[PDB]
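Engineer: Please find the sequence and an experimentally derived structure below.
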Amino acid sequence: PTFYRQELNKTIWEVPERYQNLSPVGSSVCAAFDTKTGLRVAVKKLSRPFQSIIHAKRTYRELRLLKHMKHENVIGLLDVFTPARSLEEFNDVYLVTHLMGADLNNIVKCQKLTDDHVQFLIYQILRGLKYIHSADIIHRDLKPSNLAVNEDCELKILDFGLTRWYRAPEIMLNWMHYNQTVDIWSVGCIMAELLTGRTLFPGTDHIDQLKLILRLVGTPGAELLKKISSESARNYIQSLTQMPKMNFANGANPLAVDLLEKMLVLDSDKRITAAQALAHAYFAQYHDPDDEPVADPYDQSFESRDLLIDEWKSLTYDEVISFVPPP
Ligand SMILES: O=C(NCCN1CCOCC1)c1ccc2c(c1)C(=O)c1ccc(Nc3ccc(F)c(NC(=O)c4ccccc4)c3)cc1CC2
Ligand SMILES: CCCCCCCCO[C@@H]1O[C@H](CO)[C@@H](O)[C@H](O)[C@H]1O
Ligand SMILES: CCCCCCCCO[C@@H]1O[C@H](CO)[C@@H](O)[C@H](O)[C@H]1O
């Protein structure tokens with residue numbers, strides 16, 4: 001197609017004519033109208049995609065991830081393009097996705113949602129996670145600003161498989177062997193916040209974050225302590241004034257409360273999974289076991305490769321070129 005060129009976010013964006021009305025939304029992404037499909041779309045121009053091995057692999061990962069994900073509650077690739085006509089001139093990558101029009105913070109505006117609205121919202125998050133997790137992909141930094149939401153409150157998860165208020169405690173402690181339920185922790189934090197209008201653990205800093213979590217969920221149990229090898233870390237922990245798991249309750253729906261108690265567990269092996277959460281009574285209104293799909297297997301064999309820049313770049317080119325838009 002025919003491209004045109006335009007100054008946006010401090011650079012020259014060169015895009016096909018189909019895409020019009022480009023205007024910045026954030027850290028880079030523009031909102032636009034795809035005149036060809038009649039959809040509002042987000043167009044993301046990658047910064048310095050092939051600068052280094054690390055940038056190149058990250059560019060490739062993003063494209064691979066977005067190509068793979070085909071689910072209503074997960075952002076997916078509507079188009080990818082480049083101004084370049086060949087490999088050698090290939091230096092820019094643009095990704096095009098649905099434009100939802102707001103993130104979850106924009107929907108909450110520090111206000112309590114009704115229990116029914118929380119249901120619908122959390123349901124969709126979990127439905128997206130089941131899918132993501134079924135491909136052995138973990139978000140790791142799930143939060144309201146990564147959840148894109150339209151007027152109808154249909155929700156899509158952004159930026160999976162790559163501010164500490166939604167983070168699993170083990171990630172903050174650089175545990176290194178993360179299980180999928182790190183995202184579940186995040187889910188409970190978001191859920192509590194939808195229901196109260198207030199951040200569940202608004203830590204002032206790293207150590208304060210861990211403190212607020214400890215105070216609510218209580219000090220680590222015996223089984224959990226068994227799984228920590230450092231004597232000094234156990235020493236610290238068990239020398240603290242010992243601390244009960246406070247009552248989560250304290251007019252919320254008791255089913256919400258129960259679900260939250262099963263998400264917000266220090267021990268990640270004991271947290272409820274996305275699929276178990278979707279079957280929890282809290283979601284009786286929305287749960288449909290025959291429309292909570294899994295993903296096709298995802299070829300992640302690239303993650304373990306150490307390749308040269310030119311190969312990362314060529315692999316990316318090849319994916320731009322093979323790209324087939326959805327229905
Ligand atoms: O339309 C918005 N307008 C803001 C200005 N106002 C105008 C009108 O009034 C209200 C809004 C708006 C405001 C906020 C948001 C979106 C849109 C949104 O749809 C939206 C859509 C996409 C997006 N990010 C995005 C875009 C393209 C991508 F390729 C990615 N990449 C990833 O998600 C990703 C996935 C896997 C690995 C790595 C990255 C992410 C980020 C947002 C941010 C939330
Ligand atoms: C504030 C201090 C509490 C930190 C306790 C974190 C417990 C995390 O849970 C742990 O997750 C690891 C996966 O990352 C698993 O390997 C361990 O089996 C599991 O116990
Ligand atoms: C207030 C925060 C103090 C909590 C101390 C947690 C330190 C956990 O340390 C973790 O233990 C795991 C199992 O032994 C190891 O696999 C990880 O390498 C290590 O990070």
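Structural biologist: Looks like it arrived, so ask away. Residues are numbered from 1 along each chain as shown. Ligands and ions are numbered 1, 2, ... in the order given.
Engineer: Every contact and neighbour count from this point should use C-alpha atoms.
Structural biologist: OK.
Engineer: these two touch, right, residue 13 and residue 45?
Structural biologist: Yes - in this structure, residue 13 sits in contact with residue 45. The criterion is CA atoms under 8 Å, and the distance is 7.5 Å.
Engineer: neighbour count winner among those two?
Structural biologist: Legend: neighbour count by other CA atoms under 10 Å for residue 13 and residue 45, higher for residue 45 (24 against 19).
Engineer: what's across from the more buried one in the sheet?
Structural biologist: Residue 45 has these beta-bridge partners by DSSP bridges: residue 94.
Engineer: So which residues of the chain form helices?
Structural biologist: Counting by DSSP state H, the segments of the chain that form helices are 53-68, 104-108, 115-134, 169-172, 182-196, 206-217, 222-225, 231-239, 254-263, 274-278, 309-321.
Engineer: Please identify the most buried of those helices.
Structural biologist: helix 182-196 (a mean of 24; mean count of other CA atoms under 10 Å).
Engineer: Return the distance of that helix from the chain's centre.
Structural biologist: Chain-centre distance of helix 182-196: 13 Å, with CA atoms, centre = their mean, to the nearest Å.
Engineer: ok, now stretch 175-185?
Structural biologist: Relative to the centre of its chain, stretch 175-185 is centred 13 Å away, using CA atoms, centre = their mean.
Engineer: next one: stretch 206-220
Structural biologist: In terms of CA atoms, centre = their mean, the gap separating the centre of stretch 206-220 from the centre of its chain is 23 Å.
Engineer: again with stretch 293-310
Structural biologist: Put simply, stretch 293-310 sits 18 Å off its chain's centre (CA atoms, centre = their mean).
Engineer: how far does it stretch from start to finish?
Structural biologist: Its first and final residues considered, stretch 293-310 spans 37 Å by CA to CA, to the nearest Å.
Engineer: touching ligand 1 at all, that stretch?
Structural biologist: No - contact check for stretch 293-310 against ligand 1, using CA under 6 Å from any ligand atom: none in range, with a minimum separation of 13.1 Å.
Engineer: follow-up on the earlier one: distance to residue 286 for the helices of the chain - can I get that in TSV?
Structural biologist: Conversion of these to TSV gives the following (distance: least, CA to CA, whole Å):
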stretch	distance to residue 286
helix 53-68	26
helix 104-108	20
helix 115-134	7
helix 169-172	30
helix 182-196	16
helix 206-217	28
helix 222-225	34
helix 231-239	41
helix 254-263	14
helix 274-278	9
helix 309-321	36
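Engineer: how about the ones you listed in JSON lines, adding distance to ligand 2?
Structural biologist: Output for the helices of the chain, formatted as JSON lines (distance: least, CA to the nearest ligand atom, whole Å):
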{"stretch": "helix 53-68", "distance to ligand 2": "23"}
{"stretch": "helix 104-108", "distance to ligand 2": "26"}
{"stretch": "helix 115-134", "distance to ligand 2": "15"}
{"stretch": "helix 169-172", "distance to ligand 2": "5"}
{"stretch": "helix 182-196", "distance to ligand 2": "8"}
{"stretch": "helix 206-217", "distance to ligand 2": "5"}
{"stretch": "helix 222-225", "distance to ligand 2": "5"}
{"stretch": "helix 231-239", "distance to ligand 2": "8"}
{"stretch": "helix 254-263", "distance to ligand 2": "12"}
{"stretch": "helix 274-278", "distance to ligand 2": "16"}
{"stretch": "helix 309-321", "distance to ligand 2": "30"}
